[PDB]
Amino acid sequence: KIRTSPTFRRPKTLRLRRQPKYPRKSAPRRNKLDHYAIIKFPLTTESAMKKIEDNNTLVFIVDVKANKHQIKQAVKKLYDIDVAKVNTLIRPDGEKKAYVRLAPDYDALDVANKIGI
Amino acid sequence: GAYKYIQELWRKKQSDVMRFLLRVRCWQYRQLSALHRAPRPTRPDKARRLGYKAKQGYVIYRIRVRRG
Amino acid sequence: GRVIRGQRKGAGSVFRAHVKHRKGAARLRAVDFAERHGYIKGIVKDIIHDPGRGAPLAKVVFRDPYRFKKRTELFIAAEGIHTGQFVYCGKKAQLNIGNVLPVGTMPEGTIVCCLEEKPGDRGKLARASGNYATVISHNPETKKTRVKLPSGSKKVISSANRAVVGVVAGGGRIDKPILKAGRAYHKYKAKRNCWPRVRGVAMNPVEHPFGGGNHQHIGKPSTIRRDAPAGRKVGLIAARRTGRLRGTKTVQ
Amino acid sequence: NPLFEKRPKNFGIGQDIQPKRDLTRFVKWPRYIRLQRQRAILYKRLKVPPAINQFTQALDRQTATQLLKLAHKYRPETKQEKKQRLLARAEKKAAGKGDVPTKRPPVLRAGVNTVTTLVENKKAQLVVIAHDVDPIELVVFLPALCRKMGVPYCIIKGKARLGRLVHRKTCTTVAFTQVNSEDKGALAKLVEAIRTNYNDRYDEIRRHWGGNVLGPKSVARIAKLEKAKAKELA
RNA sequence: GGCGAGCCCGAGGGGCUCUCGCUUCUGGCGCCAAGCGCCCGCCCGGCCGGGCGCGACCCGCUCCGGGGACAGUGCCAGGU
RNA sequence: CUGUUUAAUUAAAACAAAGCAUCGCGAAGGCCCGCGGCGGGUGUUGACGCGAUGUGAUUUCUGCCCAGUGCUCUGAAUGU
RNA sequence: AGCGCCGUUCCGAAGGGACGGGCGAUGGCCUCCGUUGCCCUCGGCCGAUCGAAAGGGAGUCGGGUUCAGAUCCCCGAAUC
Ligand SMILES: [Mg+2]
Ligand SMILES: [Mg+2]
Ligand SMILES: [Mg+2]
Ligand SMILES: [Mg+2]
Ligand SMILES: [Mg+2]
Ligand SMILES: [Mg+2]
Ligand SMILES: [Mg+2]
Ligand SMILES: [Mg+2]
Ligand SMILES: [Mg+2]
Ligand SMILES: [Mg+2]
Ligand SMILES: [Mg+2]
Ligand SMILES: [Mg+2]
Ligand SMILES: [Mg+2]
Ligand SMILES: [Mg+2]
Ligand SMILES: [Mg+2]
């Protein structure tokens with residue numbers, strides 16, 4: 001063998017894959033932020049009510065650990081309706097406000113009457 | 001059988017057979033780091049009379065301090 | 001009393017060199033096989049202005065004999081070089097202005113600049129604008145060479161260290177008076193904060209060994225020795241004489 | 001045949017590039033490489049004492065091969081055949097009820113604490129002293145002690161080869177004390193050469209200093225100046 | 001090694017003694033080997049794809065230079 | 001001269017300033033910081049540079065004293 | 001002594017990546033492809049990292065809407 005370079009570095013040694021003998025918490029930690037815990041309160045104020053007629057858009061209050069994709073999946077897995085888009089803001093009391101605009105195949109008045117607002 | 005000879009050879013540490021090895025070891029250890037793991041005691045008689053036993057769990061650290 | 005102005009230079013808080021806009025350290029090539037046993041062609045691409053330096057910088061590109069890559073270095077621009085001139089470098093390089101070559105090859109009286117103290121530290125002596133060294137007194141055995149420095153000192157150096165042949169361009173820079181405080185302020189703002197130049201007599205007793213009193217007088221002999229502590233060496237530091245000169249140096 | 005030209009490259013200074021050479025003596029070695037290499041060079045440069053220049057004045061490979069051929073059949077038992085002999089002898093003394101099934105077991109001794117005891121009590125017939133012990137103080141008293149007790153000792157190179165005849169990493173010492181009936185002549189033939197080499201020359205070895213060899217570049221420089229001085233004087 | 005010189009003995013030749021290198025009109029380009037010689041499985045004395053060496057001399061114990069038992073470092077003593 | 005400063009009693013004749021000078025230093029260095037490391041600032045720096053001082057544009061001059069106090073050079077020829 | 005301090009390239013074995021080739025195995029519609037491991041080869045970092053709501057930084061604009069929003073919401077037209 002010939003060492004053509006004047007710089008000597010670490011040889012590429014073999015690194016073992018971590019194969020532990022016992023798991024370290026006995027169980028997978030269950031998902032605390034599931035579909036029933038993401039979407040908390042349907043907001044029924046004047047401006048939130050106006051989005052049902054004039055916007056085809058529901059208004060919800062969301063726990064702050066969620067994002068647009070989790071809100072979209074939570075609405076599609078709880079209310080059996082499709083979502084066009086989700087806009088999110090942080091309401092200054094501390095919670096999240098999500099404007100969920102639905103697909104044009106669905107009707108916000110009908111979904112609001114089925115959920116009871 | 002041997003450790004009394006090792007002790008008596010270490011005692012008169014100014015003789016020519018010892019001071020060469022001592023100077024070589026001082027150069028060897030000065031060119032090393034400050035705190036590092038020596039894998040085995042260089043003074044087996046002194047380490048054993050301080051409490052070293054050749055078994056798993058006893059660790060020799062060679063350490064360098066600055067005089068003055 | 002208070003810490004004097006002279007003791008604050010070692011802190012490096014606000015007295016550092018204004019170092020960002022400088023282009024780089026002006027060095028020679030690190031010495032290797034092609035410069036110890038031959039020569040190698042190099043091309044000066046452009047000369048530039050390093051701020052804080054009145055001497056021009058030269059950007060000489062080389063070619064690496066070991067890997068395919070053109071290496072670019074930063075020489076002190078000697079006088080009379082031009083962009084596109086093949087600047088040669090090495091031991092057996094022919095003596096022209098711009099070619100850096102060791103002092104054992106050049107004959108006596110060779111006017112060079114940017115020479116090395118020790119062989120291989122890439123240029124230390126005679127680097128300011130318009131200065132040069134005089135090469136004299138070669139020796140076959142005990143490889144030494146006398147050089148007359150710009151201070152007039154005759155230093156015995158080795159015969160293997162290198163030097164670019166010629167003088168440093170930008171000569172005559174101290175010919176013009178600064179003529180106003182503005183150009184001095186811009187010059188020192190370019191160089192470094194070396195300019196809180198306040199008279200030690202005009203400042204306070206608690207801040208300088210000279211100042212105070214009802215008259216602006218020094219009061220103490222300003223010739224202060226080298227055994228003096230810090231904060232004491234103000235004025236004439238270890239002055240062997242003072243007053244108007246008589247001769248040039250009178251130092252053996 | 002049609003085109004197939006030769007394209008030579010001129011490797012001089014200031015032209016076509018240098019090839020990949022060996023570059024062995026110009027690579028930046030790590031700290032421990034430099035430690036052990038300048039350690040060997042430092043042992044070559046300095047004057048070693050005459051009690052440790054005994055080491056590197058060691059046994060040649062023909063006599064070492066004879067010594068290993070003698071020592072291979074006095075090998076100590078490992079754990080497997082140890083447990084085998086224990087179970088076999090225990091079952092034989094349980095069933096057949098043998099009083100003395102084994103008269104004398106011939107086996108050598110290892111370890112410096114054992115060998116020093118054996119040479120102090122004059123039980124050792126031959127001593128094998130390893131070379132590569134990193135604290136030399138562990139071993140330095142043994143040649144002089146074997147000399148003053150009259151037991152022959154041979155200095156051998158490689159403690160790993162002595163450990164592999166005792167089933168251990170290091171062995172450092174091997175004491176022949178008891179010999180078989182058909183091995184006394186071979187042991188005497190070895191001991192005669194070992195006493196010829198080491199024991200009879202102990203007053204010669206004790207006076208000689210070792211080391212004190214300059215670097216080969218400095219030796220070539222001094223030899224060039226000596227040839228210049230001889231050219232001046234002749 | 002002479003595409004180079006040398007200093008002599010001297011008929012070819014000899015090396016007492018040395019000089020080394022293969023880039024100086026030009027703001028060009030220059031790497032990942034051409035060539036040569038061996039060794040492998042494939043077409044019956046034909047085709048493909050590979051490995052090794054020479055190109056790029058051999059050996060060695062500091063990477064190469066400059067200082068060097070000084071400078072410095074630790075303690076003590078006397079100046080300032 | 002333009003400039004700057006005692007914010008909350010001073011705006012100046014005060015400070016700074018270009019010019020004129022002097023001294024230390026060729027890097028194992030001059031001047032400094034740090035409790036510490038050959039750790040740092042000047043230093044990506046090399047006497048047309050860095051550091052420390054007096055005077056204060058231009059013109060004309062820079063009188064005389066080393067007794068004193070400092071600074072500096074020099075010698076084991078030489079007291080302590 | 002010590003919480004710790006110095007330093008950011010210095011006194012460091014300070015890259016876990018890849019064009020490709022060979023060998024082996026697994027997987028999908030084992031033809032055809034996608035993966036895993038080993039070996040060879042190649043590969044200066046100017047050294048982890050932070051540091052700008054005025055520096056560098058690709059790409060949304062026109063109309064309308066509320067008591068409070070607007071280049072974000074609705075309509076319409078585009079770009080990365
Ligand atoms: Mg262990
Ligand atoms: Mg002038
Ligand atoms: Mg001034
Ligand atoms: Mg002033
Ligand atoms: Mg005042
Ligand atoms: Mg004072
Ligand atoms: Mg050296
Ligand atoms: Mg010397
Ligand atoms: Mg006022
Ligand atoms: Mg300095
Ligand atoms: Mg004036
Ligand atoms: Mg006067
Ligand atoms: Mg960032
Ligand atoms: Mg508004
Ligand atoms: Mg608008």
# chains A, B, ... in the order shown; residues from 1 in each chain; ligands from 1
call {"tool": "residues_near_ligand", "arguments": {"ligand": "ligand 5", "cutoff": "7 Å", "atoms": "only C-alpha atoms (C1' of nucleotides) and all ligand atoms", "output": "short mmCIF file (atom, residue, chain, number, x, y, z; two decimals) with C-alpha atoms, in the first residue's frame"}}
result
data_model
loop_
_atom_site.label_atom_id
_atom_site.label_comp_id
_atom_site.auth_asym_id
_atom_site.auth_seq_id
_atom_site.Cartn_x
_atom_site.Cartn_y
_atom_site.Cartn_z
CA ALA C 202 -1.87 69.20 29.55
CA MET C 203 -3.61 66.21 31.12
CA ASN C 204 -4.08 65.62 34.86
#
call {"tool": "residues_near_ligand", "arguments": {"ligand": "ligand 10", "cutoff": "7 Å", "atoms": "only C-alpha atoms (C1' of nucleotides) and all ligand atoms", "output": "list in words"}}
result
residues 27, 29 and 30 of chain F
call {"tool": "residues_near_ligand", "arguments": {"ligand": "ligand 2", "cutoff": "9 Å", "atoms": "only C-alpha atoms (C1' of nucleotides) and all ligand atoms", "output": "list in words"}}
result
residues 174, 175 and 177 of chain C
call {"tool": "write_last_selection", "arguments": {"atoms": "N, CA and C atoms", "output": "mmCIF file, in the first residue's frame"}}
result
data_model
loop_
_atom_site.group_PDB
_atom_site.id
_atom_site.type_symbol
_atom_site.label_atom_id
_atom_site.label_comp_id
_atom_site.auth_asym_id
_atom_site.auth_seq_id
_atom_site.Cartn_x
_atom_site.Cartn_y
_atom_site.Cartn_z
ATOM 1 N N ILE C 174 5.934 60.227 2.276
ATOM 2 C CA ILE C 174 6.034 61.226 3.330
ATOM 3 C C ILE C 174 6.508 62.556 2.760
ATOM 4 N N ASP C 175 6.563 62.666 1.429
ATOM 5 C CA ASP C 175 6.924 63.944 0.826
ATOM 6 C C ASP C 175 5.809 64.968 0.984
ATOM 7 N N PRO C 177 3.121 67.038 2.925
ATOM 8 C CA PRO C 177 2.507 67.310 4.225
ATOM 9 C C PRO C 177 1.037 66.934 4.209
#
call {"tool": "residues_near_ligand", "arguments": {"ligand": "ligand 7", "cutoff": "12 Å", "atoms": "only C-alpha atoms (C1' of nucleotides) and all ligand atoms", "output": "ChimeraX atom specification"}}
result
/D:215,217-218 /E:62-68
call {"tool": "residues_near_ligand", "arguments": {"ligand": "ligand 6", "cutoff": "9 Å", "atoms": "only C-alpha atoms (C1' of nucleotides) and all ligand atoms", "output": "MDAnalysis selection string"}}
result
chainID C and resid 1:2 205:210 231:232
call {"tool": "residues_near_ligand", "arguments": {"ligand": "ligand 14", "cutoff": "12 Å", "atoms": "only C-alpha atoms (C1' of nucleotides) and all ligand atoms", "output": "list in words"}}
result
residues 66, 68, 69 and 70 of chain G
call {"tool": "write_last_selection", "arguments": {"atoms": "C-alpha atoms (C1' of nucleotides)", "output": "PDB file, in the first residue's frame"}}
result
ATOM      1  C1'   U G  66     -66.454  44.648   8.158  1.00  0.00           C
ATOM      2  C1'   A G  68     -62.865  46.473  14.070  1.00  0.00           C
ATOM      3  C1'   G G  69     -58.785  42.774   8.691  1.00  0.00           C
ATOM      4  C1'   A G  70     -56.175  43.365   4.051  1.00  0.00           C
TER       5        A G  70
END
call {"tool": "interface_residues", "arguments": {"of": "chain C", "to": "chain F", "cutoff": "8 Å", "atoms": "only C-alpha atoms (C1' of nucleotides)", "output": "PyMOL selection string"}}
result
chain C and resi 6-12+15-17+19+22-26+124-131+149-151+153+155+171-174+177-181+198+200+221-225+230+233-244
call {"tool": "interface_residues", "arguments": {"of": "chain G", "to": "chain D", "cutoff": "12 Å", "atoms": "only C-alpha atoms (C1' of nucleotides)", "output": "PyMOL selection string"}}
result
chain G and resi 11-13
call {"tool": "write_last_selection", "arguments": {"atoms": "N, CA, C and O atoms (P, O5', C5', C4', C3', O3' and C1' of nucleotides)", "output": "PDB file, in the first residue's frame"}}
result
ATOM      1  P     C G  11       0.797  24.975  16.327  1.00  0.00           P
ATOM      2  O5'   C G  11       0.750  23.841  17.444  1.00  0.00           O
ATOM      3  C5'   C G  11       1.578  22.691  17.317  1.00  0.00           C
ATOM      4  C4'   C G  11       1.061  21.494  18.081  1.00  0.00           C
ATOM      5  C3'   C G  11      -0.443  21.228  18.006  1.00  0.00           C
ATOM      6  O3'   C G  11      -0.658  19.822  17.950  1.00  0.00           O
ATOM      7  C1'   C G  11       0.226  21.407  20.264  1.00  0.00           C
ATOM      8  P     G G  12      -0.809  19.080  16.535  1.00  0.00           P
ATOM      9  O5'   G G  12      -1.734  17.831  16.870  1.00  0.00           O
ATOM     10  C5'   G G  12      -2.708  17.923  17.902  1.00  0.00           C
ATOM     11  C4'   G G  12      -3.805  16.904  17.734  1.00  0.00           C
ATOM     12  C3'   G G  12      -4.022  16.424  16.306  1.00  0.00           C
ATOM     13  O3'   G G  12      -4.528  15.092  16.334  1.00  0.00           O
ATOM     14  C1'   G G  12      -5.955  17.556  17.056  1.00  0.00           C
ATOM     15  P     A G  13      -3.523  13.851  16.493  1.00  0.00           P
ATOM     16  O5'   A G  13      -4.045  12.794  15.423  1.00  0.00           O
ATOM     17  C5'   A G  13      -4.221  13.163  14.060  1.00  0.00           C
ATOM     18  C4'   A G  13      -5.266  12.318  13.368  1.00  0.00           C
ATOM     19  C3'   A G  13      -6.717  12.625  13.734  1.00  0.00           C
ATOM     20  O3'   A G  13      -7.541  12.403  12.591  1.00  0.00           O
ATOM     21  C1'   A G  13      -6.251  10.373  14.216  1.00  0.00           C
TER      22        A G  13
END
call {"tool": "residues_near_ligand", "arguments": {"ligand": "ligand 15", "cutoff": "10 Å", "atoms": "only C-alpha atoms (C1' of nucleotides) and all ligand atoms", "output": "MDAnalysis selection string"}}
result
chainID G and resid 61:65 70:71
call {"tool": "write_last_selection", "arguments": {"atoms": "C-alpha atoms (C1' of nucleotides)", "output": "PDB file, in the first residue's frame"}}
result
ATOM      1  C1'   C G  61     -50.856  41.898  -8.114  1.00  0.00           C
ATOM      2  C1'   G G  62     -56.106  44.645  -9.610  1.00  0.00           C
ATOM      3  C1'   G G  63     -61.203  45.286  -7.674  1.00  0.00           C
ATOM      4  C1'   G G  64     -64.716  44.396  -3.471  1.00  0.00           C
ATOM      5  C1'   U G  65     -65.909  43.335   1.587  1.00  0.00           C
ATOM      6  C1'   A G  70     -56.175  43.365   4.051  1.00  0.00           C
ATOM      7  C1'   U G  71     -50.762  42.433  -1.031  1.00  0.00           C
TER       8        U G  71
END
call {"tool": "atom_distance", "arguments": {"atom1": "CA of residue 124 (chain D)", "atom2": "CA of residue 177 (chain D)"}}
result
4.4 Å
call {"tool": "select_by_dssp", "arguments": {"residues": "region 109-213 of chain D", "states": "alpha helix (DSSP H)", "output": "JSON, numbers by chain"}}
result
{"D": [112, 113, 114, 115, 116, 117, 118, 119, 120, 141, 142, 143, 144, 145, 146, 147, 148, 149, 159, 160, 161, 162, 163, 184, 185, 186, 187, 188, 189, 190, 191, 192, 193, 194, 202, 203, 204, 205]}
call {"tool": "write_last_selection", "arguments": {"atoms": "N, CA and C atoms", "output": "JSON list (two decimals), in the first residue's frame"}}
result
[["chain", "number", "residue", "atom", "x", "y", "z"],
["D", 112, "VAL", "N", 7.34, -13.69, 37.26],
["D", 112, "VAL", "CA", 8.61, -13.22, 37.82],
["D", 112, "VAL", "C", 8.68, -13.52, 39.31],
["D", 113, "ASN", "N", 7.54, -13.44, 40.01],
["D", 113, "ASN", "CA", 7.50, -13.78, 41.43],
["D", 113, "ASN", "C", 7.80, -15.26, 41.67],
["D", 114, "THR", "N", 7.42, -16.12, 40.74],
["D", 114, "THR", "CA", 7.76, -17.53, 40.88],
["D", 114, "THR", "C", 9.21, -17.79, 40.51],
["D", 115, "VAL", "N", 9.68, -17.19, 39.42],
["D", 115, "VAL", "CA", 11.02, -17.47, 38.90],
["D", 115, "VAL", "C", 12.09, -16.93, 39.85],
["D", 116, "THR", "N", 11.85, -15.76, 40.46],
["D", 116, "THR", "CA", 12.82, -15.20, 41.40],
["D", 116, "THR", "C", 12.95, -16.08, 42.64],
["D", 117, "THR", "N", 11.82, -16.61, 43.12],
["D", 117, "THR", "CA", 11.82, -17.58, 44.21],
["D", 117, "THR", "C", 12.58, -18.84, 43.84],
["D", 118, "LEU", "N", 12.38, -19.34, 42.62],
["D", 118, "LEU", "CA", 13.05, -20.57, 42.20],
["D", 118, "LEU", "C", 14.55, -20.38, 42.05],
["D", 119, "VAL", "N", 14.99, -19.21, 41.60],
["D", 119, "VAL", "CA", 16.43, -19.00, 41.46],
["D", 119, "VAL", "C", 17.05, -18.70, 42.83],
["D", 120, "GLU", "N", 16.31, -18.06, 43.74],
["D", 120, "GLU", "CA", 16.81, -17.90, 45.11],
["D", 120, "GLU", "C", 16.92, -19.23, 45.85],
["D", 141, "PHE", "N", 16.79, -7.06, 37.50],
["D", 141, "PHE", "CA", 17.53, -7.74, 38.56],
["D", 141, "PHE", "C", 17.74, -9.21, 38.26],
["D", 142, "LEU", "N", 16.91, -9.79, 37.39],
["D", 142, "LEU", "CA", 16.96, -11.23, 37.13],
["D", 142, "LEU", "C", 18.24, -11.75, 36.47],
["D", 143, "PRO", "N", 18.88, -11.07, 35.46],
["D", 143, "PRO", "CA", 20.15, -11.62, 34.94],
["D", 143, "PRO", "C", 21.27, -11.68, 35.96],
["D", 144, "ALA", "N", 21.44, -10.60, 36.73],
["D", 144, "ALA", "CA", 22.47, -10.59, 37.76],
["D", 144, "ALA", "C", 22.16, -11.58, 38.88],
["D", 145, "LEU", "N", 20.88, -11.78, 39.19],
["D", 145, "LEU", "CA", 20.51, -12.72, 40.25],
["D", 145, "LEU", "C", 20.75, -14.16, 39.80],
["D", 146, "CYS", "N", 20.40, -14.48, 38.55],
["D", 146, "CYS", "CA", 20.70, -15.80, 38.02],
["D", 146, "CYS", "C", 22.20, -16.03, 37.88],
["D", 147, "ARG", "N", 22.96, -14.97, 37.59],
["D", 147, "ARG", "CA", 24.41, -15.10, 37.53],
["D", 147, "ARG", "C", 25.02, -15.37, 38.90],
["D", 148, "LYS", "N", 24.55, -14.66, 39.93],
["D", 148, "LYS", "CA", 25.12, -14.83, 41.26],
["D", 148, "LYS", "C", 24.62, -16.10, 41.94],
["D", 149, "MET", "N", 23.48, -16.63, 41.51],
["D", 149, "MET", "CA", 23.03, -17.92, 42.03],
["D", 149, "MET", "C", 23.44, -19.08, 41.14],
["D", 159, "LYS", "N", 7.97, -11.22, 24.09],
["D", 159, "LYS", "CA", 7.22, -11.80, 25.20],
["D", 159, "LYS", "C", 5.91, -12.43, 24.76],
["D", 160, "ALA", "N", 5.41, -12.07, 23.57],
["D", 160, "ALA", "CA", 4.17, -12.66, 23.08],
["D", 160, "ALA", "C", 4.36, -14.12, 22.70],
["D", 161, "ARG", "N", 5.53, -14.46, 22.15],
["D", 161, "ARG", "CA", 5.83, -15.85, 21.82],
["D", 161, "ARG", "C", 6.00, -16.69, 23.08],
["D", 162, "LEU", "N", 6.41, -16.06, 24.19],
["D", 162, "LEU", "CA", 6.49, -16.77, 25.46],
["D", 162, "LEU", "C", 5.12, -16.86, 26.12],
["D", 163, "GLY", "N", 4.24, -15.90, 25.86],
["D", 163, "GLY", "CA", 2.88, -16.00, 26.36],
["D", 163, "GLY", "C", 2.07, -17.05, 25.63],
["D", 184, "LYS", "N", 16.93, -34.80, 29.31],
["D", 184, "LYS", "CA", 18.05, -34.25, 30.06],
["D", 184, "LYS", "C", 19.23, -33.93, 29.15],
["D", 185, "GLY", "N", 19.44, -34.75, 28.12],
["D", 185, "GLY", "CA", 20.53, -34.49, 27.19],
["D", 185, "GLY", "C", 20.30, -33.25, 26.35],
["D", 186, "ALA", "N", 19.07, -33.06, 25.88],
["D", 186, "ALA", "CA", 18.75, -31.86, 25.11],
["D", 186, "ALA", "C", 18.79, -30.62, 25.98],
["D", 187, "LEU", "N", 18.35, -30.73, 27.24],
["D", 187, "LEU", "CA", 18.44, -29.59, 28.15],
["D", 187, "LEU", "C", 19.89, -29.25, 28.47],
["D", 188, "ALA", "N", 20.75, -30.26, 28.60],
["D", 188, "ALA", "CA", 22.17, -30.00, 28.85],
["D", 188, "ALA", "C", 22.84, -29.38, 27.63],
["D", 189, "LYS", "N", 22.44, -29.82, 26.43],
["D", 189, "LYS", "CA", 22.95, -29.23, 25.20],
["D", 189, "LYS", "C", 22.53, -27.77, 25.05],
["D", 190, "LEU", "N", 21.32, -27.43, 25.51],
["D", 190, "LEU", "CA", 20.90, -26.03, 25.49],
["D", 190, "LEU", "C", 21.63, -25.21, 26.56],
["D", 191, "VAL", "N", 21.73, -25.75, 27.78],
["D", 191, "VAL", "CA", 22.33, -25.04, 28.91],
["D", 191, "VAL", "C", 23.81, -24.78, 28.69],
["D", 192, "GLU", "N", 24.50, -25.67, 27.97],
["D", 192, "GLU", "CA", 25.92, -25.45, 27.68],
["D", 192, "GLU", "C", 26.12, -24.24, 26.77],
["D", 193, "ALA", "N", 25.31, -24.11, 25.72],
["D", 193, "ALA", "CA", 25.40, -22.95, 24.84],
["D", 193, "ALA", "C", 24.93, -21.67, 25.54],
["D", 194, "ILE", "N", 23.93, -21.78, 26.42],
["D", 194, "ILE", "CA", 23.44, -20.60, 27.12],
["D", 194, "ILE", "C", 24.47, -20.10, 28.14],
["D", 202, "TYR", "N", 29.61, -12.47, 31.69],
["D", 202, "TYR", "CA", 28.89, -11.46, 32.46],
["D", 202, "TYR", "C", 29.79, -10.30, 32.88],
["D", 203, "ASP", "N", 31.06, -10.57, 33.16],
["D", 203, "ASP", "CA", 31.99, -9.49, 33.45],
["D", 203, "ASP", "C", 32.34, -8.69, 32.20],
["D", 204, "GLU", "N", 32.13, -9.27, 31.02],
["D", 204, "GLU", "CA", 32.33, -8.56, 29.76],
["D", 204, "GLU", "C", 31.13, -7.68, 29.43],
["D", 205, "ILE", "N", 29.92, -8.17, 29.70],
["D", 205, "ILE", "CA", 28.71, -7.42, 29.38],
["D", 205, "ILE", "C", 28.53, -6.24, 30.33]]
call {"tool": "interface_residues", "arguments": {"of": "chain B", "to": "chain G", "cutoff": "12 Å", "atoms": "only C-alpha atoms (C1' of nucleotides)", "output": "ChimeraX atom specification"}}
result
/B:31-33
call {"tool": "closest_residue", "arguments": {"among": "G:34, G:28, G:21, G:44", "to": "chain C", "atoms": "only C-alpha atoms (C1' of nucleotides)"}}
result
G:44
call {"tool": "residues_near_ligand", "arguments": {"ligand": "ligand 13", "cutoff": "12 Å", "atoms": "only C-alpha atoms (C1' of nucleotides) and all ligand atoms", "output": "number ranges by chain"}}
result
G: 49-52
